[PDB]
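Colleague: For the protein sequence lines, the chains are X and A, in the order given. Everything in the first sequence is counted per PDB author numbering, starting at 1 for the first residue and increasing by one. Everything in the second sequence is counted per PDB author numbering, starting at 63 for the first residue and increasing by one. Got a structure here, written out as structure tokens. Questions coming.
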Amino acid sequence: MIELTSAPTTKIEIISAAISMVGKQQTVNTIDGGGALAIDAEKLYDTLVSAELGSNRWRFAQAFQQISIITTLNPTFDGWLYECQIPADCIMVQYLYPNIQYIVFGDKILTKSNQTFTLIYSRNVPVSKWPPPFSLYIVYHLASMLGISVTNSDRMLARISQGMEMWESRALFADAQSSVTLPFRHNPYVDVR
Amino acid sequence: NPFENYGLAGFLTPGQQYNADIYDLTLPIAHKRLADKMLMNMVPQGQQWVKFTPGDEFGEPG
């Protein structure tokens, strides 16, 4: 039988950890009555988590899906022929498969071909899918925003900052090191041959 | 390379590209020049590089 993790597995446990970091007792079952700290944590959690997963290639947050050409839409510049719909859960476009010509333009992907394309992208994932280093990084970062929004304490902000930066680097390393580094897709001095 | 395409070489698809990933030509140049050098020193064309001689049945020379 599998040993269950003791790391946070729900967004409420992430929030209550950040609230305890700035000094307030908090249980998961009384989060509704948490006052100003709970109000700000709930409001800022979604914006922070989406911003973090939407601005860096985290392996645990990656996904793929086929994209669809939208009818009656025709670009008239640079030889682009089709506008394609981005997936609904897509939070940051990373690249397309296969290696063809494309650009992200507006909220669409422009292509010159009508074959099947697959998009690799970031998405929101629940806390139970997070690596433990990432969870602690979010706790520090969320507690940093609670320090600004609620405590109004410069002293608290100074104390949280070093831990927030350290766990960001360690979370990035833990995520990155598990897999090999992929080569460049374009290598002109070799491809020309 | 006669072993390309599992020995079929150019029988099935002629005109293939084979040398695109040979960035260094040191070995191909030296290999060709050595083979050419062996040809000129073993069978120099336009010269009489071998002679027929009477065999042992004809006795001692002279």
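Beta carbons are placed, not taken as given, at the ideal position from N, Cα and C, and that holds for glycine.
#1: Between the segment 71-87 of chain A and chain X, which residues of the former have CB atoms less than 7 Å from a CB of the latter, in chain order?
#2: Roughly how many angstroms lie between the CA atoms of X:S149 and X:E83, to the nearest whole one?
#3: Is it the case that the Cβ atoms of X:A171 and X:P126 are separated by a distance below 8 Å?
#4: Quick one: measure Cβ to Cβ for residue 211 of chain X and X:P98, integer angstroms, because I've assumed they're closer than 8 Å.
#5: On the DSSP bridge list, what partners appear for X:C84?
#6: Within its chain, find whatever has a CB closer than 7 Å to the CB of A:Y68; leave out the 5 residues flanking it on each side and keep chain order.
#7: Kindly say whether X:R193, judged by its beta-carbon, lies nearer than 8 Å to any beta-carbon of chain A.
#8: To the nearest angstrom, how far is the alpha carbon of A:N63 from that of X:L96?
#9: Looking at C-alpha atoms only, which residue of X:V22, X:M21 and X:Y45 is the closest neighbour of X:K11?
#10: Taking its Cβ as the centre, do 16 or more other Cβ atoms sit within 10 Å of A:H93, making it buried, or is it exposed?
#11: With the cut-off set at 8 Å, would you say X:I109 and X:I67 are in Cβ contact?
#12: Compare the beta carbon distance of X:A38 and X:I14 with 8 Å and say whether it is the shorter of the two.
#13: Among X:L182, X:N56, X:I69 and X:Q85, which has the Cα closest to the Cα of X:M92?
#14: Across which residues does DSSP place X:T118 in a beta bridge pair?
Modeller: In short, the structure shows the following:
#1: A82
#2: 41 Å
#3: Not a contact, by the Cβ cut-off of 8 Å.
#4: Nothing can be reported for residue 211 of chain X: it is not among the residues displayed for chain X, which extend from 1 to 193.
#5: X:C84 is bridged by DSSP to X:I69 and X:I109.
#6: none
#7: Yes, X:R193 lies at the interface with chain A (some Cβ there is under 8 Å from its Cβ).
#8: 37 Å
#9: The option with the nearest alpha carbon to X:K11 is X:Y45.
#10: exposed
#11: yes
#12: Contact: no.
#13: X:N56
#14: X:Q66 and X:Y97
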